[PDB]
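This report concerns only the one structure given below.
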Amino acid sequence: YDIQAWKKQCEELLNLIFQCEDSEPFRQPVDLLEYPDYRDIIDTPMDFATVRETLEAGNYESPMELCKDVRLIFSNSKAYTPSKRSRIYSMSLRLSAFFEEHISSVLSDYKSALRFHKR
Ligand SMILES: O=C(NCC1CC1)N1CCN(C(=O)c2cccs2)CC1
């Protein structure tokens with residue numbers, strides 16, 4: 001029922017994601033020189049360094065907000081891909097599965113802890 005525990009749990013999961021070869025394309029904001037149409041296609045670019053910095057700045061209130069930004073990384077890849085068989089897109093789907101598998105307990109514990117706090 002620790003309502004603060006999500007933050008270190010998210011730091012640890014981000015560390016695992018950064019160790020994962022599949023995160024390579026998503027570690028930093030898209031190179032708009034190599035992809036000059038990218039900002040035509042994608043409204044809000046997001047990457048894992050921006051998520052980590054936002055967390056470490058104390059600018060997430062909840063793991064739901066972090067989860068929304070990580071999901072935006074994956075939806076941006078899905079929107080920008082020219083093919084469902086693209087290398088970068090395919091890396092996004094495996095990394096998304098990994099992230100969802102690990103964030104579910106972080107979300108559940110947080111929401112349980114806040115329900116207990118408000119009981
Ligand atoms: O340039 C980068 N990222 C490099 C940065 C240093 C990490 N990316 C290109 C656009 N992206 C896509 O999702 C797709 C491309 C092809 C099909 S989808 C991911 C981000």
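How things are named: the first chain in the structure tokens is A, the next is B, and so on; residues count from 1 in each chain; ligands count from 1 in the order shown.
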- Write out as a list in words all residues of segment 14-71 of chain A that DSSP puts in alpha helix (DSSP H) for this structure's backbone.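 DSSP-assigned alpha helix (DSSP H) residues in segment 14-71 of chain A: residues 14, 15, 16, 17, 18, 19, 38, 39, 40, 41, 48, 49, 50, 51, 52, 53, 54, 55, 56, 63, 64, 65, 66, 67, 68, 69, 70 and 71 of chain A.
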Protein and nucleic acid residues within 9 Å of ligand 1 (only C-alpha atoms and all ligand atoms) as a CSV table (one decimal) with N, CA and C atoms, in the first residue's frame:
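Listed below is the output, result.csv:
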chain,number,residue,atom,x,y,z
A,23,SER,N,14.9,-1.5,-27.8
A,23,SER,CA,14.6,-0.1,-27.5
A,23,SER,C,15.4,0.9,-28.3
A,24,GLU,N,16.4,0.4,-29.0
A,24,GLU,CA,17.5,1.3,-29.7
A,24,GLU,C,16.8,2.4,-30.4
A,25,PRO,N,15.8,2.2,-31.3
A,25,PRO,CA,15.2,3.2,-32.1
A,25,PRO,C,14.3,4.2,-31.3
A,26,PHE,N,14.1,3.9,-30.1
A,26,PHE,CA,13.1,4.7,-29.2
A,26,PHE,C,13.8,5.4,-28.0
A,27,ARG,N,15.1,5.3,-28.0
A,27,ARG,CA,15.8,5.8,-26.8
A,27,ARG,C,15.9,7.3,-26.8
A,28,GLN,N,15.9,8.0,-28.0
A,28,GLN,CA,16.0,9.4,-28.1
A,28,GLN,C,15.0,9.9,-29.1
A,29,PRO,N,14.6,11.2,-29.1
A,29,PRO,CA,13.6,11.7,-30.0
A,29,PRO,C,14.1,11.5,-31.5
A,30,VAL,N,13.1,11.2,-32.4
A,30,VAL,CA,13.3,10.8,-33.8
A,30,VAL,C,14.2,11.9,-34.4
A,31,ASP,N,15.2,11.4,-35.3
A,31,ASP,CA,16.0,12.2,-36.1
A,31,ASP,C,15.2,12.8,-37.3
A,32,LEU,N,14.8,14.0,-37.2
A,32,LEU,CA,13.9,14.7,-38.1
A,32,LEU,C,14.7,15.1,-39.4
A,33,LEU,N,16.0,14.9,-39.4
A,33,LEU,CA,16.8,15.1,-40.7
A,33,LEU,C,16.7,13.8,-41.5
A,34,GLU,N,16.8,12.6,-40.9
A,34,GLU,CA,16.7,11.3,-41.6
A,34,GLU,C,15.2,11.0,-42.0
A,35,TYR,N,14.3,11.6,-41.2
A,35,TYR,CA,12.8,11.4,-41.4
A,35,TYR,C,12.2,12.8,-41.4
A,38,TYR,N,8.4,13.1,-40.7
A,38,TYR,CA,8.0,12.5,-39.5
A,38,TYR,C,7.0,13.4,-38.7
A,45,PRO,N,5.7,13.6,-30.8
A,45,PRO,CA,6.9,12.7,-30.7
A,45,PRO,C,7.2,12.4,-29.2
A,47,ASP,N,9.8,9.5,-26.7
A,47,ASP,CA,10.9,8.5,-26.6
A,47,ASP,C,11.1,8.2,-25.2
A,48,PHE,N,12.0,7.2,-24.9
A,48,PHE,CA,12.2,6.7,-23.6
A,48,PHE,C,13.1,7.7,-22.8
A,73,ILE,N,4.9,6.3,-27.5
A,73,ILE,CA,6.1,5.9,-28.3
A,73,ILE,C,5.6,4.8,-29.2
A,74,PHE,N,4.8,3.9,-28.8
A,74,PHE,CA,4.4,2.7,-29.6
A,74,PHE,C,3.4,3.1,-30.6
A,75,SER,N,2.4,3.9,-30.3
A,75,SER,CA,1.4,4.4,-31.3
A,75,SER,C,2.1,5.2,-32.3
A,76,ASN,N,3.1,6.0,-32.0
A,76,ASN,CA,3.8,6.8,-33.0
A,76,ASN,C,4.4,5.9,-33.9
A,77,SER,N,5.1,4.9,-33.5
A,77,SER,CA,5.8,3.9,-34.4
A,77,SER,C,4.8,3.3,-35.3
A,78,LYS,N,3.6,2.9,-34.8
A,78,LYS,CA,2.5,2.2,-35.5
A,78,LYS,C,1.9,3.2,-36.6
A,79,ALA,N,1.9,4.5,-36.3
A,79,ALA,CA,1.4,5.5,-37.2
A,79,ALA,C,2.4,5.8,-38.3
A,80,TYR,N,3.7,5.8,-37.9
A,80,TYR,CA,4.7,6.2,-38.9
A,80,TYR,C,5.2,5.1,-39.8
A,81,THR,N,4.9,3.9,-39.4
A,81,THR,CA,5.5,2.7,-40.2
A,81,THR,C,4.8,2.6,-41.6
A,82,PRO,N,5.6,2.4,-42.6
A,82,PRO,CA,5.0,2.2,-43.9
A,82,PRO,C,4.4,0.8,-44.1
A,83,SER,N,4.8,-0.1,-43.2
A,83,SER,CA,4.5,-1.5,-43.3
A,83,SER,C,4.4,-2.1,-41.9
A,84,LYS,N,3.5,-3.1,-41.8
A,84,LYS,CA,3.3,-3.8,-40.5
A,84,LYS,C,4.5,-4.7,-40.3
A,85,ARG,N,5.3,-4.9,-41.4
A,85,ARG,CA,6.5,-5.8,-41.4
A,85,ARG,C,7.8,-5.1,-41.3
A,86,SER,N,7.8,-3.8,-41.0
A,86,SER,CA,8.9,-2.9,-40.9
A,86,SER,C,9.8,-3.4,-39.7
A,87,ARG,N,11.1,-3.2,-39.8
A,87,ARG,CA,12.0,-3.6,-38.7
A,87,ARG,C,11.7,-2.8,-37.5
A,88,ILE,N,11.7,-1.5,-37.6
A,88,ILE,CA,11.5,-0.6,-36.4
A,88,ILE,C,10.2,-0.9,-35.7
A,89,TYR,N,9.1,-0.9,-36.6
A,89,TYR,CA,7.8,-1.2,-36.1
A,89,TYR,C,7.8,-2.6,-35.3
A,90,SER,N,8.4,-3.6,-35.9
A,90,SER,CA,8.4,-5.0,-35.3
A,90,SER,C,9.1,-4.9,-34.0
A,91,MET,N,10.2,-4.1,-33.8
A,91,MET,CA,10.9,-3.9,-32.5
A,91,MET,C,9.9,-3.3,-31.6
A,92,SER,N,9.1,-2.3,-32.0
A,92,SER,CA,8.2,-1.6,-31.1
A,92,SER,C,7.2,-2.6,-30.6
- What does the distance from atom CA of residue 36 of chain A to atom CA of residue 93 of chain A come to in Å, to one decimal? 23.5 Å
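Nearest residue to residue 72 of chain A among A:42, A:13, A:107, A:49 is A:42, counting only C-alpha atoms.
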- Message: Report as a PyMOL selection string all protein, DNA and RNA residues lying within 12 Å of residue 5 of chain A, evaluated on only C-alpha atoms, omitting residues in the same chain fewer than 2 positions from it.
- Response: chain A and resi 1-3+7-12+62-63+105-114
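Atom pair atom CA of residue 64 of chain A / atom CA of residue 40 of chain A has a distance of 27.5 Å (rounded to one decimal).
Counting only C-alpha atoms, the residue from A:41, A:51, A:95, A:70 that sits nearest to residue 17 of chain A is A:95.
Of the listed residues (A:37, A:103, A:115, A:18), A:103 comes nearest to residue 65 of chain A; the distances count only C-alpha atoms.
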